[PDB]
C-alpha cells in the first residue's frame, strides 16, 4: 500500500518479538571487553549501541538494511527523465527494510510537499541572522526553534502510552524532513544571494528538485547530483558523532527537532563535518604548486614527497574497508559522464590512478583507497556551489534521513535512556587494584 505508517505499524511487533526471544537466550552473552585505554580513547572499538538502519561491510562498503550502494543505485526509483536514485526511496528503504515501488516514492514525495511549511517566527529569525553566523549554527538554531511545532512534545506533556511513542515521532520526523530544504535554502540565499527569496514548493516535484529550485539553481544535472548526494550521505552506522548525538538526546524522549539540532552541533565539529572541504583546499593548493598539465611522474613525485615529509593525502586511507568506497565510485561515474574535461576532476582522477599504487608500495595504510569526501567538493564546485562553509549543511540535510529513520525505530522498540557509567582518573586507579 501507499501508507508508510501502516507498513511500519505491521513490522514493529514482529521486530519486538524477534528482539524479545533473542535477549531471552543471549541477553547475558558477552560481546566484548572494556579496557582502561578504551575509556581514555573515546570508546574506540567498544560495541556500545544498537543501530538498525545501516552496517559497514569491510568488503562492500556501507549497507542500507542489507543493500550495498551499487544495489541501491540499480533498485531505488528515479525521477522521470533522470538516472540518479531519489532520497525519498532511500528513506523508505531505511524505515521498512524494503525497496519501494514507483507508486510509494511518488506518494512520499507528495507527503513531504504537503508537510513543508515554516512558521513566521522561524522565517523572521532566519532573515535576522548576521553574515557573521556560521551556516551550521543557523541550521541548528532554526531547527531547535521549530520544536514549537513538535506534536510529540505536546502529546507527551498531556500523557500518552509508551507503546505509541513511535507514532508521533514518525509524524514529527516526516515534518522535519519536509521542512529541511526550506530552512537550508533560506540560509544559502540570505548568506550568498543577498537575502533574495526562496520561492514556493511545487507539490508535483520530488524533494531534491524543490531544494535546487529553492537554492536558485537551474541546471538539471545539478538537481541530479543533489539526488545522488543526498541518497549516499544519508546514513553510516550509529557510532559517528552526528548519529550517536541524535540517538543519545533522543533516548531522553527529546523530540526529533531537538535531537536533530543537537546532532548538527556535533556534525559542525571540525573532526566530523569538514572532510569534503579539507580535500578541496588541498586539491586547490596542489593545482597551484604543480600546474594543470601535470605529468604522471611529477604528480607521483609530489605524492611521494608528501608522504616522505610525513603528511597524509586527504580522502585516502581506511582501517577497515578493503576496497574503494562505493560512494566515491558513484561520484566518479557521475563525473565521467557529465564533466570529464573539468580540470579539477582530471586532477582527482589522476590522483586515483597514482596515489593508491604509491600507498600499497609504502605499505603502511591498511587500505589505500579513497572515501566519499575525496570526490564530493570538485562536483559541487563544478556547478557553481563554491561556498565551502555551506558544504556541511548539505551533509546535514542528507544525514537527517538516516538518523530519523533510526529514531523512529528506537522509540518503537522501547530503547531506554543512554546512561553509561563514568569514572575519574583517581577513581579508575583505585578500581584497578580490585
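Numbering follows the first chain given and starts at 1.
Remark: stretch with higher mean C-alpha B factor among 140-148 and 353-361 is 353-361. Note on 115-123 vs 158-166: mean CA B-factor is higher in 158-166. Looking at 234, 128, 331, 305, the one whose CA carries the top B-factor in the deposited record is 305. In this entry, the residue among 29, 398, 389, 54 with the greatest C-alpha B factor is 29.
Split the chain's modelled residues into thirds by C-alpha temperature factor. Residue 293 is in the highest one. Annotation for residue 285: C-alpha temperature factor in the middle third relative to the rest of the modelled chain, per the entry. The deposited CA B-factor of residue 186 belongs to the lowest third of values across its chain. When the modelled residues of the chain are ordered by C-alpha B-factor, residue 207 sits in the middle third. When the modelled residues of the chain are ordered by C-alpha B-factor, residue 172 sits in the lowest third.
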